[PDB]
>>> print(open('target.cif').read())   # mmCIF, C-alpha atoms and all ligand atoms; chains and numbers go by the auth columns
data_final
loop_
_atom_site.group_PDB
_atom_site.id
_atom_site.type_symbol
_atom_site.label_atom_id
_atom_site.label_comp_id
_atom_site.label_asym_id
_atom_site.label_seq_id
_atom_site.Cartn_x
_atom_site.Cartn_y
_atom_site.Cartn_z
_atom_site.B_iso_or_equiv
_atom_site.auth_seq_id
_atom_site.auth_asym_id
ATOM 1 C CA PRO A 1 108.800 88.134 90.077 0.00 201 I
ATOM 2 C CA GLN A 2 110.237 89.579 86.865 0.00 202 I
ATOM 3 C CA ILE A 3 107.771 91.021 84.380 0.00 203 I
ATOM 4 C CA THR A 4 108.767 91.515 80.762 0.00 204 I
ATOM 5 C CA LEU A 5 106.978 94.140 78.669 0.00 205 I
ATOM 6 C CA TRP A 6 106.068 92.398 75.409 0.00 206 I
ATOM 7 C CA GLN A 7 102.440 92.667 76.537 0.00 207 I
ATOM 8 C CA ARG A 8 100.715 95.053 78.952 0.00 208 I
ATOM 9 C CA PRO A 9 101.810 94.393 82.550 0.00 209 I
ATOM 10 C CA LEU A 10 98.293 93.552 83.731 0.00 210 I
ATOM 11 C CA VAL A 11 97.911 92.027 87.184 0.00 211 I
ATOM 12 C CA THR A 12 95.120 91.123 89.555 0.00 212 I
ATOM 13 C CA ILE A 13 94.604 93.441 92.514 0.00 213 I
ATOM 14 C CA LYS A 14 92.298 92.975 95.469 0.00 214 I
ATOM 15 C CA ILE A 15 90.464 95.901 97.015 0.00 215 I
ATOM 16 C CA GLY A 16 87.266 96.009 99.037 0.00 216 I
ATOM 17 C CA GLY A 17 87.315 92.211 99.005 0.00 217 I
ATOM 18 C CA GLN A 18 86.998 92.084 95.223 0.00 218 I
ATOM 19 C CA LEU A 19 89.396 91.169 92.437 0.00 219 I
ATOM 20 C CA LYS A 20 90.087 93.586 89.586 0.00 220 I
ATOM 21 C CA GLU A 21 92.530 93.730 86.683 0.00 221 I
ATOM 22 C CA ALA A 22 95.014 96.613 86.815 0.00 222 I
ATOM 23 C CA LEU A 23 98.034 97.950 84.933 0.00 223 I
ATOM 24 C CA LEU A 24 101.467 98.460 86.526 0.00 224 I
ATOM 25 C CA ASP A 25 102.108 101.985 85.239 0.00 225 I
ATOM 26 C CA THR A 26 105.530 103.517 85.948 0.00 226 I
ATOM 27 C CA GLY A 27 104.519 106.682 84.082 0.00 227 I
ATOM 28 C CA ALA A 28 101.791 107.358 86.647 0.00 228 I
ATOM 29 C CA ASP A 29 102.705 109.165 89.878 0.00 229 I
ATOM 30 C CA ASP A 30 99.458 108.009 91.489 0.00 230 I
ATOM 31 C CA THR A 31 97.010 105.109 91.466 0.00 231 I
ATOM 32 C CA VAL A 32 93.643 105.745 89.810 0.00 232 I
ATOM 33 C CA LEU A 33 90.863 103.173 89.749 0.00 233 I
ATOM 34 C CA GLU A 34 87.599 103.072 87.828 0.00 234 I
ATOM 35 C CA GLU A 35 84.418 104.058 89.674 0.00 235 I
ATOM 36 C CA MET A 36 83.925 101.999 92.812 0.00 236 I
ATOM 37 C CA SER A 37 82.866 102.366 96.427 0.00 237 I
ATOM 38 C CA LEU A 38 85.510 103.027 99.071 0.00 238 I
ATOM 39 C CA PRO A 39 85.088 103.759 102.800 0.00 239 I
ATOM 40 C CA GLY A 40 85.779 107.002 104.629 0.00 240 I
ATOM 41 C CA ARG A 41 86.043 110.593 103.508 0.00 241 I
ATOM 42 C CA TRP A 42 87.612 111.716 100.261 0.00 242 I
ATOM 43 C CA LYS A 43 89.236 114.943 99.137 0.00 243 I
ATOM 44 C CA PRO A 44 89.601 116.587 95.713 0.00 244 I
ATOM 45 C CA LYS A 45 92.654 115.915 93.570 0.00 245 I
ATOM 46 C CA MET A 46 93.710 117.242 90.176 0.00 246 I
ATOM 47 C CA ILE A 47 95.831 114.865 88.115 0.00 247 I
ATOM 48 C CA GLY A 48 97.525 115.411 84.782 0.00 248 I
ATOM 49 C CA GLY A 49 97.287 112.865 82.012 0.00 249 I
ATOM 50 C CA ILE A 50 98.059 112.484 78.331 0.00 250 I
ATOM 51 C CA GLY A 51 95.035 114.571 77.334 0.00 251 I
ATOM 52 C CA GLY A 52 94.875 117.077 80.178 0.00 252 I
ATOM 53 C CA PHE A 53 94.101 117.558 83.872 0.00 253 I
ATOM 54 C CA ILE A 54 90.988 116.041 85.464 0.00 254 I
ATOM 55 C CA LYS A 55 89.277 115.898 88.854 0.00 255 I
ATOM 56 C CA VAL A 56 89.260 112.674 90.869 0.00 256 I
ATOM 57 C CA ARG A 57 88.323 111.546 94.379 0.00 257 I
ATOM 58 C CA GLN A 58 91.216 110.883 96.765 0.00 258 I
ATOM 59 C CA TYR A 59 90.932 108.231 99.479 0.00 259 I
ATOM 60 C CA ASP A 60 93.826 107.740 101.898 0.00 260 I
ATOM 61 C CA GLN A 61 95.083 104.698 103.812 0.00 261 I
ATOM 62 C CA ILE A 62 93.186 102.222 101.648 0.00 262 I
ATOM 63 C CA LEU A 63 94.058 98.527 101.851 0.00 263 I
ATOM 64 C CA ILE A 64 94.935 97.095 98.455 0.00 264 I
ATOM 65 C CA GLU A 65 96.688 93.886 97.444 0.00 265 I
ATOM 66 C CA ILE A 66 98.766 93.953 94.261 0.00 266 I
ATOM 67 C CA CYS A 67 99.689 90.578 92.797 0.00 267 I
ATOM 68 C CA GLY A 68 99.604 89.112 96.306 0.00 268 I
ATOM 69 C CA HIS A 69 101.563 91.941 97.941 0.00 269 I
ATOM 70 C CA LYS A 70 99.705 93.934 100.595 0.00 270 I
ATOM 71 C CA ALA A 71 99.782 97.723 100.512 0.00 271 I
ATOM 72 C CA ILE A 72 97.961 100.524 102.308 0.00 272 I
ATOM 73 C CA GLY A 73 97.913 103.918 100.660 0.00 273 I
ATOM 74 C CA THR A 74 96.246 106.578 98.571 0.00 274 I
ATOM 75 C CA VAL A 75 93.815 105.445 95.908 0.00 275 I
ATOM 76 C CA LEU A 76 92.180 107.879 93.488 0.00 276 I
ATOM 77 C CA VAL A 77 88.817 107.121 91.891 0.00 277 I
ATOM 78 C CA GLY A 78 87.732 108.659 88.602 0.00 278 I
ATOM 79 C CA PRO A 79 87.131 108.276 84.834 0.00 279 I
ATOM 80 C CA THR A 80 90.222 106.333 83.792 0.00 280 I
ATOM 81 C CA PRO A 81 90.579 104.053 80.726 0.00 281 I
ATOM 82 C CA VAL A 82 91.946 101.241 82.905 0.00 282 I
ATOM 83 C CA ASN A 83 92.793 100.633 86.565 0.00 283 I
ATOM 84 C CA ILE A 84 96.199 102.259 86.986 0.00 284 I
ATOM 85 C CA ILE A 85 98.702 101.235 89.661 0.00 285 I
ATOM 86 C CA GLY A 86 101.094 104.166 89.969 0.00 286 I
ATOM 87 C CA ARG A 87 104.412 104.785 91.672 0.00 287 I
ATOM 88 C CA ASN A 88 102.884 105.444 95.096 0.00 288 I
ATOM 89 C CA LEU A 89 101.942 101.758 95.347 0.00 289 I
ATOM 90 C CA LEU A 90 104.672 100.318 93.123 0.00 290 I
ATOM 91 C CA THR A 91 107.178 101.624 95.675 0.00 291 I
ATOM 92 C CA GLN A 92 105.239 99.965 98.515 0.00 292 I
ATOM 93 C CA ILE A 93 105.537 96.554 96.865 0.00 293 I
ATOM 94 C CA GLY A 94 109.242 97.045 96.120 0.00 294 I
ATOM 95 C CA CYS A 95 109.020 97.436 92.359 0.00 295 I
ATOM 96 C CA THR A 96 111.935 98.738 90.294 0.00 296 I
ATOM 97 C CA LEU A 97 112.801 98.955 86.599 0.00 297 I
ATOM 98 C CA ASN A 98 115.837 97.017 85.404 0.00 298 I
ATOM 99 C CA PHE A 99 117.864 96.763 82.191 0.00 299 I
ATOM 100 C CA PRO B 1 120.897 99.833 85.874 0.00 1 A
ATOM 101 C CA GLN B 2 118.215 99.488 88.540 0.00 2 A
ATOM 102 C CA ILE B 3 115.859 102.452 88.571 0.00 3 A
ATOM 103 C CA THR B 4 113.955 103.317 91.726 0.00 4 A
ATOM 104 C CA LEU B 5 110.328 104.407 91.546 0.00 5 A
ATOM 105 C CA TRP B 6 110.534 106.852 94.479 0.00 6 A
ATOM 106 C CA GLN B 7 110.809 109.473 91.718 0.00 7 A
ATOM 107 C CA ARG B 8 109.666 109.450 88.097 0.00 8 A
ATOM 108 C CA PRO B 9 112.025 107.163 86.147 0.00 9 A
ATOM 109 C CA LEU B 10 113.530 109.765 83.825 0.00 10 A
ATOM 110 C CA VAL B 11 116.353 109.030 81.416 0.00 11 A
ATOM 111 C CA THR B 12 118.267 110.787 78.667 0.00 12 A
ATOM 112 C CA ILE B 13 117.514 109.706 75.110 0.00 13 A
ATOM 113 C CA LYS B 14 119.100 110.536 71.767 0.00 14 A
ATOM 114 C CA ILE B 15 116.890 110.917 68.698 0.00 15 A
ATOM 115 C CA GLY B 16 117.295 112.895 65.487 0.00 16 A
ATOM 116 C CA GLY B 17 120.628 114.279 66.632 0.00 17 A
ATOM 117 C CA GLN B 18 119.227 115.701 69.868 0.00 18 A
ATOM 118 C CA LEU B 19 119.239 114.819 73.568 0.00 19 A
ATOM 119 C CA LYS B 20 115.917 114.781 75.396 0.00 20 A
ATOM 120 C CA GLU B 21 114.602 113.810 78.807 0.00 21 A
ATOM 121 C CA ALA B 22 112.007 111.040 78.741 0.00 22 A
ATOM 122 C CA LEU B 23 109.836 109.059 81.141 0.00 23 A
ATOM 123 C CA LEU B 24 110.084 105.248 81.100 0.00 24 A
ATOM 124 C CA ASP B 25 106.426 104.182 81.074 0.00 25 A
ATOM 125 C CA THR B 26 105.449 100.511 81.462 0.00 26 A
ATOM 126 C CA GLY B 27 101.847 101.674 81.210 0.00 27 A
ATOM 127 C CA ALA B 28 102.246 102.873 77.604 0.00 28 A
ATOM 128 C CA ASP B 29 102.026 100.611 74.533 0.00 29 A
ATOM 129 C CA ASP B 30 103.860 103.150 72.398 0.00 30 A
ATOM 130 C CA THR B 31 106.431 105.935 72.600 0.00 31 A
ATOM 131 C CA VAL B 32 105.262 109.521 72.218 0.00 32 A
ATOM 132 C CA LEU B 33 107.489 112.593 72.160 0.00 33 A
ATOM 133 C CA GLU B 34 106.690 116.307 72.171 0.00 34 A
ATOM 134 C CA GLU B 35 106.532 118.087 68.803 0.00 35 A
ATOM 135 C CA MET B 36 109.697 117.583 66.803 0.00 36 A
ATOM 136 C CA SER B 37 110.677 116.786 63.241 0.00 37 A
ATOM 137 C CA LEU B 38 111.462 113.236 62.137 0.00 38 A
ATOM 138 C CA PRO B 39 112.414 111.873 58.692 0.00 39 A
ATOM 139 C CA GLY B 40 110.271 109.616 56.536 0.00 40 A
ATOM 140 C CA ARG B 41 106.546 109.197 56.025 0.00 41 A
ATOM 141 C CA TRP B 42 103.970 109.284 58.819 0.00 42 A
ATOM 142 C CA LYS B 43 100.320 108.438 59.487 0.00 43 A
ATOM 143 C CA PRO B 44 97.821 110.196 61.815 0.00 44 A
ATOM 144 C CA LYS B 45 96.816 108.452 65.041 0.00 45 A
ATOM 145 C CA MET B 46 94.804 109.158 68.197 0.00 46 A
ATOM 146 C CA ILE B 47 95.898 108.030 71.662 0.00 47 A
ATOM 147 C CA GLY B 48 93.760 108.448 74.749 0.00 48 A
ATOM 148 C CA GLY B 49 93.954 108.243 78.500 0.00 49 A
ATOM 149 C CA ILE B 50 93.502 110.469 81.527 0.00 50 A
ATOM 150 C CA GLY B 51 92.159 113.781 80.276 0.00 51 A
ATOM 151 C CA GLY B 52 91.182 112.492 76.863 0.00 52 A
ATOM 152 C CA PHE B 53 92.754 111.947 73.462 0.00 53 A
ATOM 153 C CA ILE B 54 95.474 113.745 71.546 0.00 54 A
ATOM 154 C CA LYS B 55 96.304 113.487 67.856 0.00 55 A
ATOM 155 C CA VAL B 56 99.840 112.433 66.985 0.00 56 A
ATOM 156 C CA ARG B 57 101.927 111.609 63.926 0.00 57 A
ATOM 157 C CA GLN B 58 103.201 108.031 63.705 0.00 58 A
ATOM 158 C CA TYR B 59 106.694 107.496 62.268 0.00 59 A
ATOM 159 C CA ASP B 60 107.953 103.939 61.855 0.00 60 A
ATOM 160 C CA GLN B 61 111.463 102.468 61.956 0.00 61 A
ATOM 161 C CA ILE B 62 112.956 105.363 63.919 0.00 62 A
ATOM 162 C CA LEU B 63 116.420 105.001 65.453 0.00 63 A
ATOM 163 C CA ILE B 64 116.722 105.951 69.124 0.00 64 A
ATOM 164 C CA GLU B 65 119.248 105.577 71.940 0.00 65 A
ATOM 165 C CA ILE B 66 118.016 105.151 75.512 0.00 66 A
ATOM 166 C CA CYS B 67 120.654 105.282 78.253 0.00 67 A
ATOM 167 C CA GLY B 68 123.288 104.149 75.764 0.00 68 A
ATOM 168 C CA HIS B 69 121.097 101.316 74.482 0.00 69 A
ATOM 169 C CA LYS B 70 120.287 101.451 70.767 0.00 70 A
ATOM 170 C CA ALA B 71 116.836 100.447 69.547 0.00 71 A
ATOM 171 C CA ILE B 72 114.543 100.983 66.576 0.00 72 A
ATOM 172 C CA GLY B 73 110.787 101.317 66.523 0.00 73 A
ATOM 173 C CA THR B 74 107.703 103.425 66.004 0.00 74 A
ATOM 174 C CA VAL B 75 107.750 106.889 67.558 0.00 75 A
ATOM 175 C CA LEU B 76 104.624 109.010 67.924 0.00 76 A
ATOM 176 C CA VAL B 77 104.970 112.796 67.899 0.00 77 A
ATOM 177 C CA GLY B 78 102.346 115.137 69.283 0.00 78 A
ATOM 178 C CA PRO B 79 101.191 117.439 72.114 0.00 79 A
ATOM 179 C CA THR B 80 102.108 115.109 74.971 0.00 80 A
ATOM 180 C CA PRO B 81 102.794 116.815 78.335 0.00 81 A
ATOM 181 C CA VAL B 82 106.038 114.841 78.655 0.00 82 A
ATOM 182 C CA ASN B 83 108.270 112.606 76.526 0.00 83 A
ATOM 183 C CA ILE B 84 107.251 108.984 77.082 0.00 84 A
ATOM 184 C CA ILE B 85 109.217 105.831 76.256 0.00 85 A
ATOM 185 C CA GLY B 86 106.687 103.010 75.974 0.00 86 A
ATOM 186 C CA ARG B 87 106.817 99.211 75.879 0.00 87 A
ATOM 187 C CA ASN B 88 107.550 99.057 72.144 0.00 88 A
ATOM 188 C CA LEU B 89 111.030 100.426 72.916 0.00 89 A
ATOM 189 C CA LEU B 90 111.395 99.312 76.541 0.00 90 A
ATOM 190 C CA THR B 91 111.420 95.673 75.394 0.00 91 A
ATOM 191 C CA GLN B 92 114.268 96.333 72.954 0.00 92 A
ATOM 192 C CA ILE B 93 116.590 97.559 75.708 0.00 93 A
ATOM 193 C CA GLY B 94 115.664 94.594 77.902 0.00 94 A
ATOM 194 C CA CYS B 95 113.783 96.636 80.498 0.00 95 A
ATOM 195 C CA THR B 96 111.723 94.689 83.046 0.00 96 A
ATOM 196 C CA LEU B 97 109.647 95.304 86.184 0.00 97 A
ATOM 197 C CA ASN B 98 110.934 93.565 89.312 0.00 98 A
ATOM 198 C CA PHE B 99 109.551 93.079 92.820 0.00 99 A
HETATM 199 N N1 LIG C . 97.650 102.810 74.050 0.00 301 I
HETATM 200 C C1 LIG C . 98.208 103.103 75.243 0.00 301 I
HETATM 201 O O1 LIG C . 99.139 102.459 75.724 0.00 301 I
HETATM 202 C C2 LIG C . 97.632 104.303 75.997 0.00 301 I
HETATM 203 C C3 LIG C . 97.834 105.644 75.238 0.00 301 I
HETATM 204 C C4 LIG C . 97.529 106.898 76.099 0.00 301 I
HETATM 205 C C5 LIG C . 98.766 107.195 77.013 0.00 301 I
HETATM 206 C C6 LIG C . 98.814 106.429 78.332 0.00 301 I
HETATM 207 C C7 LIG C . 99.625 105.256 78.695 0.00 301 I
HETATM 208 N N2 LIG C . 99.342 105.044 80.013 0.00 301 I
HETATM 209 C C8 LIG C . 98.382 105.888 80.700 0.00 301 I
HETATM 210 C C9 LIG C . 97.174 105.062 81.159 0.00 301 I
HETATM 211 C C10 LIG C . 96.474 104.230 80.114 0.00 301 I
HETATM 212 C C11 LIG C . 95.395 104.817 79.312 0.00 301 I
HETATM 213 C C12 LIG C . 94.779 103.984 78.294 0.00 301 I
HETATM 214 C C13 LIG C . 95.228 102.601 78.133 0.00 301 I
HETATM 215 C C14 LIG C . 96.283 102.016 78.946 0.00 301 I
HETATM 216 C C15 LIG C . 96.910 102.850 79.947 0.00 301 I
HETATM 217 C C16 LIG C . 99.010 106.714 81.851 0.00 301 I
HETATM 218 C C17 LIG C . 100.399 107.264 81.507 0.00 301 I
HETATM 219 O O2 LIG C . 101.329 106.515 82.113 0.00 301 I
HETATM 220 C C18 LIG C . 100.517 108.736 81.927 0.00 301 I
HETATM 221 C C19 LIG C . 101.855 109.330 81.441 0.00 301 I
HETATM 222 C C20 LIG C . 101.918 110.818 81.709 0.00 301 I
HETATM 223 C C21 LIG C . 101.127 111.692 80.836 0.00 301 I
HETATM 224 C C22 LIG C . 101.125 113.119 81.101 0.00 301 I
HETATM 225 C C23 LIG C . 101.900 113.607 82.237 0.00 301 I
HETATM 226 C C24 LIG C . 102.733 112.752 83.070 0.00 301 I
HETATM 227 C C25 LIG C . 102.745 111.324 82.798 0.00 301 I
HETATM 228 N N3 LIG C . 100.436 108.876 83.391 0.00 301 I
HETATM 229 C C26 LIG C . 99.371 109.434 83.989 0.00 301 I
HETATM 230 O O3 LIG C . 98.369 109.752 83.408 0.00 301 I
HETATM 231 O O4 LIG C . 99.540 109.621 85.295 0.00 301 I
HETATM 232 C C27 LIG C . 98.473 110.317 85.986 0.00 301 I
HETATM 233 C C28 LIG C . 97.423 109.344 86.460 0.00 301 I
HETATM 234 C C29 LIG C . 97.880 108.575 87.680 0.00 301 I
HETATM 235 O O5 LIG C . 98.936 109.424 88.158 0.00 301 I
HETATM 236 C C30 LIG C . 98.882 110.677 87.423 0.00 301 I
HETATM 237 C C31 LIG C . 98.033 106.816 79.513 0.00 301 I
HETATM 238 O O6 LIG C . 97.210 107.685 79.532 0.00 301 I
HETATM 239 C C32 LIG C . 99.812 106.759 76.055 0.00 301 I
HETATM 240 C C33 LIG C . 101.206 107.156 76.063 0.00 301 I
HETATM 241 C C34 LIG C . 101.999 106.677 74.952 0.00 301 I
HETATM 242 C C35 LIG C . 101.451 105.840 73.914 0.00 301 I
HETATM 243 C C36 LIG C . 100.066 105.431 73.919 0.00 301 I
HETATM 244 C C37 LIG C . 99.265 105.912 75.031 0.00 301 I
#
>>> encode(input="target.cif", output="structure tokens")
Amino acid sequence: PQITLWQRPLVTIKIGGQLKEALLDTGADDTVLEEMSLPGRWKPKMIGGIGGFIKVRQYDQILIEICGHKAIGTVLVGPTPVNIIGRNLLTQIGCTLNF
Amino acid sequence: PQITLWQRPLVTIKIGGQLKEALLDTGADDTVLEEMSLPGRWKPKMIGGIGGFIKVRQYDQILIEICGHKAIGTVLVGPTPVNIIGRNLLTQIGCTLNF
């Protein structure tokens, strides 16, 4: 589909069998979700944001559906204002910017 | 053009007689640029995300050129780690997300 930007590009994602609202964020290299439970082991990851660098938990090879499109990749979990879908997953679903 | 998301979607912008590199961010409501001088009045504002909040100066009705596309809108100026072109200006150049 084609998404205009007059409002926030919020979509429904599915992870761990549950639906959540998330933002398609081209300015984010990675995907960071609000506190939740994910399977497997995690590793430390430092990410830079508008207000500084913070520590988050990194889970790899996680199944996540974005607006119906299935993806499997790295998902970070930490104190984020909203669920952020970054470039790592946007590329998996074939998303591009156009103008 | 069609911009891939394999890398950060960076573009050249023209504002206040100077060329700058900026990140096209669908995840940002507004546009925020690193410290620079702009004409006209301004009002203080706080924007927050990963890492916390930063204080910025809000200038309205600012002329900007993004990839040869002219647009006018509010531009925030402050200690942002990178220049960010948000939805308020992305819409004006007809930028959309496609997948
Ligand atoms: N009101 C608003 O729209 C949000 C505020 C804050 C800031 C904001 C928008 N989106 C985000 C997320 C957000 C936060 C609150 C509400 C909606 C979305 C992320 C933004 O794209 C940064 C961009 C970035 C910052 C520093 C370095 C490099 C890129 N990327 C980023 O942190 O990537 C990291 C996290 C995942 O991968 C790594 C962000 O922090 C923002 C920017 C301009 C105007 C207003 C705002």
>>> resolve_selection(input="target.cif", expression="the PyMOL selection byres (((not hetatm)) within 6 of (chain I and resi 301))", output="PDB file with C-alpha atoms, in the frame of the given file")
ATOM      1  CA  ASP I 225     102.108 101.985  85.239  1.00  0.00           C
ATOM      2  CA  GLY I 227     104.519 106.682  84.082  1.00  0.00           C
ATOM      3  CA  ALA I 228     101.791 107.358  86.647  1.00  0.00           C
ATOM      4  CA  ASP I 229     102.705 109.165  89.878  1.00  0.00           C
ATOM      5  CA  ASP I 230      99.458 108.009  91.489  1.00  0.00           C
ATOM      6  CA  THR I 231      97.010 105.109  91.466  1.00  0.00           C
ATOM      7  CA  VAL I 232      93.643 105.745  89.810  1.00  0.00           C
ATOM      8  CA  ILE I 247      95.831 114.865  88.115  1.00  0.00           C
ATOM      9  CA  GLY I 248      97.525 115.411  84.782  1.00  0.00           C
ATOM     10  CA  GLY I 249      97.287 112.865  82.012  1.00  0.00           C
ATOM     11  CA  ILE I 250      98.059 112.484  78.331  1.00  0.00           C
ATOM     12  CA  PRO I 281      90.579 104.053  80.726  1.00  0.00           C
ATOM     13  CA  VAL I 282      91.946 101.241  82.905  1.00  0.00           C
ATOM     14  CA  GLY I 286     101.094 104.166  89.969  1.00  0.00           C
TER      15      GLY I 286
ATOM     16  CA  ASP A  25     106.426 104.182  81.074  1.00  0.00           C
ATOM     17  CA  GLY A  27     101.847 101.674  81.210  1.00  0.00           C
ATOM     18  CA  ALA A  28     102.246 102.873  77.604  1.00  0.00           C
ATOM     19  CA  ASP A  29     102.026 100.611  74.533  1.00  0.00           C
ATOM     20  CA  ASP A  30     103.860 103.150  72.398  1.00  0.00           C
ATOM     21  CA  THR A  31     106.431 105.935  72.600  1.00  0.00           C
ATOM     22  CA  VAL A  32     105.262 109.521  72.218  1.00  0.00           C
ATOM     23  CA  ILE A  47      95.898 108.030  71.662  1.00  0.00           C
ATOM     24  CA  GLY A  48      93.760 108.448  74.749  1.00  0.00           C
ATOM     25  CA  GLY A  49      93.954 108.243  78.500  1.00  0.00           C
ATOM     26  CA  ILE A  50      93.502 110.469  81.527  1.00  0.00           C
ATOM     27  CA  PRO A  81     102.794 116.815  78.335  1.00  0.00           C
ATOM     28  CA  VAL A  82     106.038 114.841  78.655  1.00  0.00           C
TER      29      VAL A  82
END
>>> calpha_fit_rmsd(input="target.cif", fixed="chain I", moving="chain A")
0.7 Å
>>> closest_residue(input="target.cif", among="I:259, I:223, I:265, I:299", to="residue 211 of chain I", atoms="only C-alpha atoms")
I:223
>>> resolve_selection(input="target.cif", expression="the PyMOL selection byres ((chain A) within 7 of (chain I and not hetatm))", output="list in words")
residues 1, 2, 3, 4, 5, 6, 23, 24, 25, 26, 27, 48, 49, 50, 51, 52, 53, 54, 80, 81, 87, 91, 93, 94, 95, 96, 97, 98 and 99 of chain A
>>> residues_around(input="target.cif", residues="residue 262 of chain I", least_positions_apart="4", cutoff="12 Å", atoms="only C-alpha atoms", output="PyMOL selection string")
chain I and resi 214-217+231+237-242+258+270-277+289
>>> atom_distance(input="target.cif", atom1="atom CA of residue 234 of chain I", atom2="atom CA of residue 56 of chain A")
25.9 Å
>>> atom_distance(input="target.cif", atom1="atom CA of residue 263 of chain I", atom2="atom CA of residue 212 of chain I")
14.4 Å
>>> atom_distance(input="target.cif", atom1="atom CA of residue 283 of chain I", atom2="atom CA of residue 213 of chain I")
9.5 Å
>>> axis_aligned_box(input="target.cif", around="segment 288-292 of chain I", padding_each_side="6 Å", output="JSON")
{"center_x": 104.6, "center_y": 102.7, "center_z": 95.8, "size_x": 17.2, "size_y": 17.5, "size_z": 17.4}
